[PDB]
There are 6 protein chains.
Amino acid sequence: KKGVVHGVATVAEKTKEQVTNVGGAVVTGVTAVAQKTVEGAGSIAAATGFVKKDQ
Amino acid sequence: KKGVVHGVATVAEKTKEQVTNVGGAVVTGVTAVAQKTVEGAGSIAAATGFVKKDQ
Amino acid sequence: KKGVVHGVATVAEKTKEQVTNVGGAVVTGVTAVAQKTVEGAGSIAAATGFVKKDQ
Amino acid sequence: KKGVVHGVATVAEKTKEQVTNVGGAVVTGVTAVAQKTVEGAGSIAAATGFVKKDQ
Amino acid sequence: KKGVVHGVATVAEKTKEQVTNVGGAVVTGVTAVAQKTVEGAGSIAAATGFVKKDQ
Amino acid sequence: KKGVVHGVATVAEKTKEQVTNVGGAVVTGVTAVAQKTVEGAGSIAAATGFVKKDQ
């Protein structure tokens with residue numbers, strides 16, 4: 001076989017799950033948040049997939 | 001076989017799930033948030049797939 | 001077989017789910033939010049697939 | 001002060017919440033269930049306040 | 001002070017929460033269940049307040 | 001002071017939380033279950049407050 005890419009690729013065979021992201025966010029897993037009280041300014045309380053920027 | 005791409009690709013065979021994103025957000029998983037009180041300015045309380053920018 | 005693309009592609013066979021997004025948002029999973037009180041200015045309380053920009 | 005009861009009582013002062021139950025079920029809290037697939041006969045999948053009897 | 005009861009009582013002062021139950025079930029807390037696949041016959045998957053009887 | 005009871009009592013002062021149960025189940029705390037796959041017949045997967053009987 002042969003494969004040429006520029007990016008971004010995701011090549012496989014017999015694969016159960018695949019995610020390709022250029023961005024950007026993709027949420028595919030089970031996630032449960034139970035919460036009672038959040039205060040303070042400003043607190044990130046429970047972040048699973050998380051990125052942050054400034055300029 | 002042969003494969004040429006420029007991006008962004010997602011190639012597979014016999015694959016149960018696939019996500020390709022250029023963006024942008026895609027939510028495909030189970031997610032349950034139960035919450036009672038959120039205060040403070042400004043707090044990200046429970047973020048699963050999350051990105052943030054400024055210029 | 002052979003495959004040529006410019007992007008963005010999503011090629012597969014025998015695949016249960018596929019999402020291709022250029023944007024933009026696609027919501028395909030189960031999601032339940034139960035909530036009692038949200039205050040503060042301004043707090044993102046429970047975001048699953050989330051992106052944010054400014055210029 | 002003085003207090004006589006036979007039951008069932010719930011006496012207090014300066015109290016934010018009170019529940020008195022003879023029964024019977026009372027649901028006062030935040031609850032979020034997100035779910036994708038439930039099978040089997042017969043499975044209790046996610047029970048929070050739960051009682052069960054037979055005779 | 002003085003207090004006479006037969007049961008079931010719940011006496012207090014300056015109390016934030018109270019529950020009196022004769023039963024029976026009372027759900028007052030935050031609870032979040034996220035779930036993808038439940039099988040088998042029969043499996044209790046995620047039970048928080050739970051009782052079970054037979055005769 | 002003086003206190004007479006038959007049961008079941010719960011006497012206090014300056015108390016933040018109280019639970020009296022004759023039963024029966026009371027759920028007052030924060031609880032989050034995230035789960036992907038439950039099989040087998042029959043498996044109790046994640047039980048927090050749990051009792052079980054037979055006759």
# chains A, B, ... in the order shown; residues from 1 in each chain; ligands from 1
>>> select_by_dssp(residues="range 3-49 of chain E", states="strand (DSSP E or B)", output="list in words")
residues 3, 4, 11, 17, 18, 19, 20, 21, 22, 25, 26, 27, 31, 32, 33, 34, 35, 38, 46, 47, 48 and 49 of chain E
>>> write_last_selection(atoms="C-alpha atoms", output="PDB file, in the first residue's frame")
ATOM      1  CA  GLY E   3     -39.030  17.096  74.996  1.00  0.00           C
ATOM      2  CA  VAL E   4     -41.251  14.014  74.940  1.00  0.00           C
ATOM      3  CA  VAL E  11     -35.600  18.076  67.001  1.00  0.00           C
ATOM      4  CA  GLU E  17     -31.364  20.760  56.694  1.00  0.00           C
ATOM      5  CA  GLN E  18     -33.571  18.079  58.207  1.00  0.00           C
ATOM      6  CA  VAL E  19     -35.086  14.895  56.860  1.00  0.00           C
ATOM      7  CA  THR E  20     -37.445  12.570  58.695  1.00  0.00           C
ATOM      8  CA  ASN E  21     -38.539   9.484  56.832  1.00  0.00           C
ATOM      9  CA  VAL E  22     -40.767   6.536  57.651  1.00  0.00           C
ATOM     10  CA  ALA E  25     -37.448   7.555  50.155  1.00  0.00           C
ATOM     11  CA  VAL E  26     -36.314  11.168  50.198  1.00  0.00           C
ATOM     12  CA  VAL E  27     -33.805  12.565  47.704  1.00  0.00           C
ATOM     13  CA  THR E  31     -26.965  13.509  41.647  1.00  0.00           C
ATOM     14  CA  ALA E  32     -25.752  13.088  38.072  1.00  0.00           C
ATOM     15  CA  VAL E  33     -25.654   9.793  36.194  1.00  0.00           C
ATOM     16  CA  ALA E  34     -24.104   9.534  32.751  1.00  0.00           C
ATOM     17  CA  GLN E  35     -24.281   6.144  31.161  1.00  0.00           C
ATOM     18  CA  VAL E  38     -26.217  -1.424  30.456  1.00  0.00           C
ATOM     19  CA  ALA E  46     -25.369   2.635  39.813  1.00  0.00           C
ATOM     20  CA  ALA E  47     -27.599   2.929  42.874  1.00  0.00           C
ATOM     21  CA  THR E  48     -27.060   5.638  45.480  1.00  0.00           C
ATOM     22  CA  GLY E  49     -29.844   5.218  48.020  1.00  0.00           C
TER      23      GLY E  49
END
>>> residues_around(residues="residue 39 in chain B", least_positions_apart="6", cutoff="10 Å", atoms="only C-alpha atoms", output="PyMOL selection string")
(chain A and resi 37-43) or (chain B and resi 45) or (chain C and resi 37-43+45)
>>> atom_distance(atom1="CA of residue 44 in chain F", atom2="CA of residue 54 in chain E")
17.6 Å
>>> residues_around(residues="residue 23 in chain E", least_positions_apart="4", cutoff="6 Å", atoms="only C-alpha atoms", output="PDB file with N, CA and C atoms, in the first residue's frame")
ATOM      1  N   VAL D  22     -44.101  10.066  55.328  1.00  0.00           N
ATOM      2  CA  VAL D  22     -44.648   8.806  55.801  1.00  0.00           C
ATOM      3  C   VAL D  22     -45.292   8.169  54.588  1.00  0.00           C
ATOM      4  N   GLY D  23     -44.594   7.241  53.960  1.00  0.00           N
ATOM      5  CA  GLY D  23     -45.000   6.845  52.636  1.00  0.00           C
ATOM      6  C   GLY D  23     -44.030   5.895  51.989  1.00  0.00           C
ATOM      7  N   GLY D  24     -43.597   6.222  50.780  1.00  0.00           N
ATOM      8  CA  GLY D  24     -43.888   7.506  50.165  1.00  0.00           C
ATOM      9  C   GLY D  24     -42.588   8.176  49.776  1.00  0.00           C
TER      10      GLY D  24
ATOM     11  N   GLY F  23     -36.767   2.853  57.640  1.00  0.00           N
ATOM     12  CA  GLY F  23     -37.143   2.508  56.293  1.00  0.00           C
ATOM     13  C   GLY F  23     -36.138   1.610  55.622  1.00  0.00           C
ATOM     14  N   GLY F  24     -35.692   2.001  54.437  1.00  0.00           N
ATOM     15  CA  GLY F  24     -36.005   3.305  53.875  1.00  0.00           C
ATOM     16  C   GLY F  24     -34.715   4.022  53.539  1.00  0.00           C
TER      17      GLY F  24
END
>>> residues_around(residues="residue 7 in chain B", least_positions_apart="5", cutoff="6 Å", atoms="only C-alpha atoms", output="VMD selection string")
(chain A and resid 6 to 8) or (chain C and resid 7)
>>> write_last_selection(atoms="N, CA, C and O atoms", output="compact mmCIF listing (two decimals), in the first residue's frame")
# COMPACT_ATOMS: atom_id res chain seq x y z
N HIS A 6 -0.83 15.65 3.44
CA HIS A 6 -0.24 16.88 3.93
C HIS A 6 -0.51 17.10 5.41
O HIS A 6 0.16 17.94 6.03
N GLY A 7 -1.45 16.37 5.99
CA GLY A 7 -1.88 16.70 7.33
C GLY A 7 -3.14 17.54 7.27
O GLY A 7 -3.27 18.42 6.42
N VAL A 8 -4.05 17.26 8.19
CA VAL A 8 -3.75 16.28 9.21
C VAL A 8 -4.52 15.01 8.88
O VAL A 8 -5.70 15.06 8.55
N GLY C 7 -9.89 17.59 1.18
CA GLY C 7 -10.30 17.99 2.50
C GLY C 7 -11.53 18.86 2.43
O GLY C 7 -11.66 19.70 1.55
>>> atom_distance(atom1="CA of residue 36 in chain A", atom2="CA of residue 15 in chain E")
18.3 Å
>>> residues_around(residues="residue 13 in chain B", least_positions_apart="3", cutoff="8 Å", atoms="only C-alpha atoms", output="ChimeraX atom specification")
/A:12-15 /C:12-15
>>> write_last_selection(atoms="C-alpha atoms", output="PDB file, in the first residue's frame")
ATOM      1  CA  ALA A  12      -6.223   3.021   9.991  1.00  0.00           C
ATOM      2  CA  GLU A  13      -8.026  -0.230   9.345  1.00  0.00           C
ATOM      3  CA  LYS A  14     -10.252  -2.283  11.635  1.00  0.00           C
ATOM      4  CA  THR A  15     -10.470   0.667  14.028  1.00  0.00           C
TER       5      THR A  15
ATOM      6  CA  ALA C  12     -14.908   4.554   5.845  1.00  0.00           C
ATOM      7  CA  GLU C  13     -16.799   1.323   5.375  1.00  0.00           C
ATOM      8  CA  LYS C  14     -19.032  -0.571   7.792  1.00  0.00           C
ATOM      9  CA  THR C  15     -19.137   2.486  10.055  1.00  0.00           C
TER      10      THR C  15
END
>>> closest_residue(among="E:29, E:16, E:55, E:50", to="chain B", atoms="only C-alpha atoms")
E:29
>>> decode(residues="range 30-55 of chain D", atoms="N, CA and C atoms", output="compact mmCIF listing (two decimals), in the first residue's frame")
# COMPACT_ATOMS: atom_id res chain seq x y z
N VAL D 30 -31.39 18.35 43.06
CA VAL D 30 -31.09 18.39 41.64
C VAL D 30 -30.66 17.02 41.16
N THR D 31 -31.19 16.59 40.02
CA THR D 31 -30.91 15.25 39.53
C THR D 31 -30.93 15.27 38.01
N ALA D 32 -29.86 14.77 37.40
CA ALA D 32 -29.73 14.74 35.95
C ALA D 32 -29.27 13.36 35.52
N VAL D 33 -30.05 12.71 34.67
CA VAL D 33 -29.69 11.40 34.14
C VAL D 33 -29.57 11.52 32.64
N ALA D 34 -28.41 11.13 32.12
CA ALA D 34 -28.18 11.05 30.69
C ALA D 34 -27.84 9.61 30.38
N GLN D 35 -28.44 9.06 29.34
CA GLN D 35 -28.41 7.62 29.18
C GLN D 35 -28.52 7.30 27.70
N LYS D 36 -27.84 6.24 27.29
CA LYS D 36 -27.84 5.87 25.88
C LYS D 36 -28.50 4.55 25.58
N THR D 37 -28.24 3.50 26.36
CA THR D 37 -28.79 2.21 26.00
C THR D 37 -28.93 1.36 27.25
N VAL D 38 -30.15 0.90 27.51
CA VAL D 38 -30.45 0.07 28.66
C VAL D 38 -31.11 -1.20 28.16
N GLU D 39 -30.54 -2.34 28.52
CA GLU D 39 -31.06 -3.63 28.09
C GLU D 39 -31.10 -4.56 29.29
N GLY D 40 -31.37 -5.83 29.03
CA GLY D 40 -31.44 -6.80 30.10
C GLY D 40 -32.77 -6.73 30.83
N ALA D 41 -33.18 -7.87 31.35
CA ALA D 41 -34.49 -8.01 31.96
C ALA D 41 -34.32 -8.77 33.27
N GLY D 42 -34.29 -8.04 34.38
CA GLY D 42 -34.52 -6.61 34.37
C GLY D 42 -33.54 -5.91 35.27
N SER D 43 -32.90 -4.87 34.76
CA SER D 43 -31.82 -4.20 35.45
C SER D 43 -32.24 -2.81 35.86
N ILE D 44 -32.08 -2.50 37.14
CA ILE D 44 -32.25 -1.14 37.63
C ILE D 44 -30.97 -0.39 37.28
N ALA D 45 -31.08 0.59 36.39
CA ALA D 45 -29.87 1.17 35.82
C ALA D 45 -29.26 2.23 36.72
N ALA D 46 -30.02 3.25 37.09
CA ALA D 46 -29.47 4.32 37.92
C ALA D 46 -30.58 4.84 38.81
N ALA D 47 -30.62 4.35 40.04
CA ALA D 47 -31.66 4.71 40.99
C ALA D 47 -31.04 5.47 42.14
N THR D 48 -31.61 6.64 42.46
CA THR D 48 -31.07 7.47 43.53
C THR D 48 -31.78 7.24 44.86
N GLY D 49 -33.08 7.47 44.91
CA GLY D 49 -33.83 7.14 46.10
C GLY D 49 -34.81 6.04 45.78
N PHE D 50 -34.62 4.87 46.38
CA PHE D 50 -35.16 3.65 45.83
C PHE D 50 -35.45 2.68 46.96
N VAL D 51 -36.67 2.13 46.97
CA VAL D 51 -37.03 1.06 47.89
C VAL D 51 -37.87 0.06 47.12
N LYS D 52 -37.87 -1.19 47.59
CA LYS D 52 -38.54 -2.25 46.85
C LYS D 52 -38.98 -3.34 47.82
N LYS D 53 -40.19 -3.87 47.60
CA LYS D 53 -40.78 -4.86 48.48
C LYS D 53 -41.57 -5.89 47.68
N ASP D 54 -41.83 -7.03 48.31
CA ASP D 54 -42.75 -8.03 47.79
C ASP D 54 -43.34 -8.80 48.96
N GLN D 55 -44.50 -9.41 48.72
CA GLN D 55 -45.11 -10.29 49.70
C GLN D 55 -45.72 -11.51 49.03
